[PDB]
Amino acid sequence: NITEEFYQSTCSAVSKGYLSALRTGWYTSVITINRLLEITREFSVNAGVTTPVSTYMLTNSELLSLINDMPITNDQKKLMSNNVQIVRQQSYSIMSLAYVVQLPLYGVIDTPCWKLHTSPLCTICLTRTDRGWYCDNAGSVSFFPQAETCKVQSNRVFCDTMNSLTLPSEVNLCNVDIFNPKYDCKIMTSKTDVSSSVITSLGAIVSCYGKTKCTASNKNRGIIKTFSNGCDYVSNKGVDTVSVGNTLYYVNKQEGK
């Protein structure tokens, strides 16, 4: 269900097909008491505040029981129930044996999200500067600039709205045209050639300029492409590595023994 589109005119790639869950609240629960030994160790090691929330601190069934108590839709309950791993990673446990457990509440769910990657475009060079995750919100778009804040599992993304930036939909036009009149796209500029590569979700972007030699290879077939002056995109189905000068980039994870 996940796709990636490449836009040569702006030297940027967009990974689409994700579905959202945006944290807009917290649900708290007070808890009192072999298992006690593990809880005690955790709090001693982390000075009274832990994350993720471990199974010792809260068991798989106790968690589902709390999910059921939460004041939310059934589709929401169902979604959290299938992603306890992420839910735990976005939760906190705080000592006050008494301690308080703190779980996320998702204000909105099943909205489109996409991730944006960018590379230099030269003729002078321009690079778009607003990389990261975007999600549709209440008719606008929430943008999440810090990579830490969004967790992905298959086609589901879970983001924290605490430090998000709200933007109009017209930002999408920057993908096609950097000089568009409806929104002022953020860019960075240079007066000299620059070459590099960026690994994206389903491939890689290669910006190759000036005298630099750039090549792409396959583990079995060796060198399959030599690039010249341009901005190009390569699929992870047909390419395993990219080379920019003497720097080697790996498009796929390299499976070991």
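Note that residue numbering follows the sequence shown and begins at 1.
J.: Checking chain continuity here. Are there deposited residues lacking coordinates between residue 45 and residue 46, and if so is it 1 to 3, 4 to 9, or 10 or more (or none)?
T.: Gap between residue 45 and residue 46: none, chain continuous.
J.: Count of coordinate-less deposited residues separating residue 96 and residue 97, as none, 1 to 3, 4 to 9, or 10 or more?
T.: Per the deposited record, the segment joining residue 96 and residue 97 lacks coordinates for 4 to 9 residues.
J.: Highest mean C-alpha temperature factor of the two stretches 75-83 and 133-141, which is it?
T.: Mean CA B-factor is higher for 75-83.
J.: Of 173-181 and 147-155, which one has the bigger average CA B-factor?
T.: So the stretch with the higher mean C-alpha B-factor is 147-155.
J.: Going by the deposited entry, which of 13, 21, 239, 244 has the highest CA temperature factor?
T.: Of the candidates given, the C-alpha B-factor peaks at 239.
J.: If you compare 197, 32, 50, 55, which has the highest Cα B-factor in the entry?
T.: That would be 32.
J.: Which third of the chain holds residue 3 when residues are ordered by C-alpha B factor: lowest, middle or highest?
T.: Top third by C-alpha B-factor.
J.: So where's residue 63 on the chain's Cα temperature factor ranking, which third?
T.: CA B-factor rank for residue 63: middle third.
J.: Taking the chain's C-alpha temperature factors as the reference, tell me which third residue 124 falls into: lowest, middle or highest.
T.: Highest third - that is where residue 124 ends up once the chain's C-alpha B-factors are sorted.
J.: If you rank the chain by CA B-factor, which third does residue 70 end up in: lowest, middle or highest?
T.: Residue 70: CA B-factor falls in the highest third of its chain.
J.: According to the PDB entry, is the CA B factor of residue 204 in the bottom, middle or top third of its chain, that is, lowest, middle or highest?
T.: Its C-alpha B-factor, which the entry lists for residue 204, ranks in the lowest third among residues of this chain.
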